[PDB]
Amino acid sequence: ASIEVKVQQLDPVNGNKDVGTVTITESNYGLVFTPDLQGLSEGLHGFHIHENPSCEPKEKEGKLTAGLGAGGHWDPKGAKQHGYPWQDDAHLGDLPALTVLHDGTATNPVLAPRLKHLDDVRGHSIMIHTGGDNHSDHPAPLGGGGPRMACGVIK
């Protein structure tokens, strides 16, 4: 199937920067997210669909905060819990973590088996966090992803 999402590193003060794409296709097992990203920090990063079609910042306690315009994790079924990509009572936007190599690149595709159709993700955003993802709300909320590092709107 295919949606090419342009992703930018978020910096409300100094300016957002292009870091590449995430291409979304359909497989017989769910949606596949194929990154082609550069310039990110080495490690595993939380990777989720967020509810709003926006990567804009929003104030939080008077601080203009990167990516908050995207809202929370996409949760149309009201799971109200962060979890695993293969967990039915987790947010539907919970994707497998994104791998960024030592050289700052990400090319490894990942499968979201609960997302079945491309139209399901249109009108939302894809977020890449500074932290990782332990697929739980303990010991940190939302898998420990923390701040929003990079984002793209899915059209």
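Each residue number is its position in the shown sequence, starting from 1.
- Judged by mean Cα B factor in the deposited record, 59-67 ranks above the other of 59-67 and 83-91.
- Between 45-53 and 117-125, it is 117-125 that carries the larger average Cα temperature factor according to the deposited entry.
- Per-chain ranking of the deposited C-alpha B factor places residue 22 in the lowest third.
- Annotation for residue 5: CA B-factor lies in the middle third of the chain's modelled residues.
- Split the chain's modelled residues into thirds by C-alpha temperature factor. Residue 151 is in the lowest one.
- Ranked against the other modelled residues of its chain, the C-alpha B-factor of residue 28 as given in the entry falls in the highest third.
- For residue 37, the recorded CA temperature factor ranks within the middle third of the chain's modelled residues.
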